[PDB]
Every structure is written in C-alpha cells, then in structure tokens.
C-alpha cells in the first residue's frame, strides 16, 4: 500500500495516483479503459474535524476516479481505498461527459487537419489544401448542443490560421466550426455560416519583441531594476502543506479542478486558536458570451468544471511570475494511461509588502506624536490558461485578520471573423481589422465552508438604510440617522440575494452562539464584494440553466458531504435540465440554514466589453473580494506588531 500522507487533506502523491490507477485497471481487467480524473476524495467534514480536534478516527485515504471505456457511452466513476488497494464504490454514468484534460485539448488539431470536409472548408476559406499545418484550433467542449446532447463526447474546434508558427493566431479566425468526437477522433459535423467570410489578408497582430520591433521601431530600453530581498529569510513556516504565518494556520491543498484549496483555517488569538473556515476555494466559473448568432450560443465556458484550474495551471517561471523569495508547490495528476504527471511550480507562496497597516499622529505637536506600522501580506497563487484566457489567482492573508481573493485576467480575447463591411456591434467590438471580439462575462463561484469561531453558523445580508422616520420628526430631526439592517437567512430561499448598490450590501457569516463582549454582536467574517454582475442571459436560457448558482450573488445551502461543484459533477454537455448541483442543494428552498453547518456560494466577476487596448494581448484586469473580521476580535489584532516608527507625546517633548 502506498505510504500514507503527512495530513489527511494532502493531495494524492504520484505513488498514490499510480496505486489507484493500478487498482482500477485490475478491477476492469480485460476492458480497454482510459483515465480522466484520479484525485483525492477528501474526508467527510465531520470525520476530519473529529480527527483533528477530538482525537477521533483516522479517515480512510481514498481516491476518486473517472474513466472512459472504448465503445461504452459516458463514464464510470468510483472510489479506491488506497490502504487495501481495492475499489469500494463504482458506478456507470452513461449520460454525462467529463472534464477535458490538456491531452484532450492537444488531440483535436491532428483530427481536423486530416479530415477531408475540414480541408475543403479551409480551401473555400482561402487556405490551400497543402497548408493545413497552418490551421490551428482551440477545441472547447461543445458546451451544449441540442443536436447531440451527451450521446457522444464532443469538442467544437474554434479554428484559426497562423502564417508562421510564432504568430498569435487570434487575429485570423476562420468562419466555420468543426464538431469533433473526442473519443472516436473524427469530425462529425461542420457548422458553416450562411454568409461566408474568407481568411483575413492582414498581417497577424503579434506581440513578442521581434514583432514589436517591426511594428513600432524598437522596444523600450530595460528599466532600472527594483530588487526585493529577504536576507534573513521569511516569517512564514511550512510543515509539509501546513502554513503558519501571522497567527494564521491553514492547509494548502490543490486539485485538478479547483486548483488551490485552502482548508482548516484558524487564527491564534493570543493562545486561543479560533477556527474561521473549514474550506475555501473557487468551485466553478461561467464565461457566457453575448452574441445571439449561431453557433456562438455555445460559448459559455465553465472553465473550472470543463477544463480545470489544476489541469490548466502553469508551471511558474523561476523569478518572473512570482518575484521575491518563493516557496513552490508541485501539482500531480493522472494522464489517460494512468501514469502520474507533474506540473512543477504550480503554486507560489510568498510574503510581500502591503503598504501601511495603520497610522495615527497628533495635530497638537505638529504630528510629532506618531505611530506607523507597515503591513505584510502572505500570497498563495497560481496562474491557469484555458485556451485563450489567463487567470491569475492570488489568495491573500492580511495582518488585520482579513483574507482577500485577488484575480487578474489576462491572455487573449476569444475572437471570431468579421467581414470587411460587417458591423461587430452591438454584440462585439472590432479590435483589429476583420476581428470581432464578442461581449462576455467572467463569473466565478467562491465556495466557503465556514466555521466562524467554531461550529453552528448563520449568514445574513447587511443593508445600509436611512432611518424610516422622516426629516423633522423628533426621532430624526435633521434627517441624518442611518443604520445597518441585518436580514438573517432562516431558510435557503431567504439567502438567494444579489449585491445591491442602493444599500451597499455586504453579507455576514457569523456564529449566533457567541457574543463579542464589547459590541454585543456575534463574531463574524463579513464578505465585502462589489464586483457582482447580474447574470445577463435570460431566465430559462442555456447559460442560466447550466449555471443555476450564477443568477444570485449569494446562495446559502445546508452542508452535506460532496457538495463541491454547483453545476454538477460532470459539466460538459449537460443541458441544464435536472435537479443536480446548486439546483439540488437549493431544493424547494425551505431547509434551515440558521445556526447549522452551511455552505456559502458567492458569484462575483466582471462584464467584459472588449476594446482595442485588449488586443492582441490584454493588460491585466483586476477583480477582488475580501472577508473581514467584524466583531470577531475585541480590538485591532495587529497592535502587537512592532511599529516601523513610534514616538509618544512625552518622548516628543523630551526631544525638545
């Protein structure tokens, strides 16, 4: 049996992966199978907490697998008990399709380049038959197409042309969309538009230094360096995957889908170690495009569930992606053959300056009496590439006890062809000649499993409101009175809430069993998040049905085990009909969520209307949200940090 991990939440080692895939091959001996997913099945929440805090049973070390079998529809999935090298649960799911791996994305180009119907369309589009090596595709999942459902595993090949291998292809989309059976390795259909648009004759819109020298004359000279050193080392301590820093303690996990998973998050409040979150991660996304024209409705990528923030994560880049003194973690997955694969340097961990933590000075001696303390932040990060997009993910811990998630979006716009006299608006932007960059949103589902100061939690909306008493009344003489209206969610239905600019809405995750001795309020972490777009696709749309979580900024449901992925476990090609994922968890909306084990799913992101500044490669666009302690502590928790400068009134008088 494989050696068991240092910690029950540690991701599967390479040896554990191989042990799992050997087990599964033996169970299916005589069958031709391929591996889609081999990943840790995390322990039940109860089992973990009981092991960690109550001297309870050691949870079994289990691997979840998804396989395909040649000639069989759908997938099989199950669990392997690693200690006994045995399959302990298995089932066949003939009517779902699974996440697409890097191998799956790389496989489609050879299919389309050799398909006679595709060749014919390249030629009709102005690319000669002997130049197929110049044709490339981003082979998305089909997403959903009602002509096939889940009956075949399908990709849509978004086709482009490169004049030279070093080109950025996105200036030269083609007009047609081959549909490919991923498992049969064949083109089954090609969507061809009513109006044909041949390949752009313009130069490629390129962005490496050699290209830029041709385009603008010269690169800027190298700027003088800004160097960042920690000559006495770092202040954080890692014990395997467990982090300790500035009184925070937590486990850094990682998987094929979510990427970074932070677990067992506590804060050491002068010797009282107080839980905050059991688990926090990104659980799904949707990137819905806004052109109604066929087949563009199929562009609504659920990037986490369809590609994976782990599978697609970048090996980060000795001193370029992450600047400073860095601790790296590697990621391990299975390939289709059942062999472990490694992404080196998938996670970067470091501490960085974060400006001022607090300051106050006294006007009475011209600010001679003064105290200033600088902030340090701890950053746990990854960058994943989902075809054209780059998503830079930064989990940030702060010395006031706040935790923030910062995202920067970069990469390249998804582009489609635009005719010489064709107008892109209102659904997209002409960002370069013959290039239409369609409107789209990027929405994310943050999953919080809280344990604010322990178990038994609730959530609330907090709305700023003027007093209901009018100006000139004895209760509100001058019309200034205002308060925070807290609406505690009692049932699931109550939770289904949007951000509201009219009230500056925030949400509290709180422990109703405890009370701050000063304020009288429950200890809480407050979600402060304003990048909360409405879902623009209509009710009942394909987008709305496949992402039931995205229609509210906040969804709060009862905890149950295995409630991770809110668009279901196998996302590609689901029509959005059925009681699964968030739609299952919400149910009829009547279940209790007050003072219990809850899961808080937050929808946040941006609406992107492309502009030429975004092309050919887009400058980073920031998204953030923060979880802030409010009524958790009885005073500013950073005041024991040594100030950078401190002078008292008495000391200022003595300096004369």
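Here, rigid core means the biggest group of C-alpha atoms that superpose within 1.5 Å across both forms. Residue numbers count along the first chain shown, from 1.
K.L.:
Say the other structures are aligned on the rigid core; which stretch then has the higher CA RMS in 7 other deposited structures of this protein, 313 to 321 or 82 to 90?
P.N.:
Most displaced of the pair in 7 other deposited structures of this protein: 313 to 321.
K.L.:
Would you say which of 240 to 248 and 104 to 112 moves more relative to the shown form in 7 other deposited structures of this protein, going by RMS C-alpha distance with the core superposed?
P.N.:
Of the two stretches, the larger average C-alpha offset in 7 other deposited structures of this protein falls on 104 to 112.
K.L.:
With respect to the recorded C-alpha B factors, which stretch has the higher mean value, 22 to 30 or 620 to 628?
P.N.:
If you average the C-alpha B-factors of 22 to 30 and of 620 to 628, the larger mean comes out for 22 to 30.
K.L.:
Tell me which of 285 to 293 and 108 to 116 has the higher mean C-alpha B-factor in the deposited entry.
P.N.:
It is 108 to 116 that shows the higher mean C-alpha B-factor.
K.L.:
If I read the C-alpha B-factors straight from the PDB entry, which of 310, 504, 512, 454 is highest?
P.N.:
Top of the list by C-alpha B-factor: 454.
K.L.:
Determine which member of 149, 253, 578, 319 has the highest CA B-factor, using the values in the deposited entry.
P.N.:
The C-alpha B-factor peaks, among 149, 253, 578, 319, at 319.
K.L.:
Sorting the chain's modelled residues by C-alpha B-factor, tell me whether residue 426 ends up in the lowest, middle or highest third.
P.N.:
Ranked within chain, residue 426 CA B lands in the middle tercile.
K.L.:
Among the modelled residues of this chain, does the Cα B factor of residue 160 put it in the lowest, middle or highest third?
P.N.:
Its C-alpha B-factor, which the entry lists for residue 160, ranks in the middle third among residues of this chain.
K.L.:
Relative to the other modelled residues of the same chain, rank the CA B-factor of residue 62 and answer lowest, middle or highest third.
P.N.:
Middle third.
K.L.:
Per the entry's values, where does residue 356 land by CA temperature factor relative to the rest of its chain, in the lowest, middle or highest third?
P.N.:
Highest third of the chain for residue 356's C-alpha B-factor.
K.L.:
Split the chain's modelled residues into thirds by Cα B-factor; is residue 527 in the lowest, middle or highest one?
P.N.:
Its C-alpha B-factor, which the entry lists for residue 527, ranks in the lowest third among residues of this chain.
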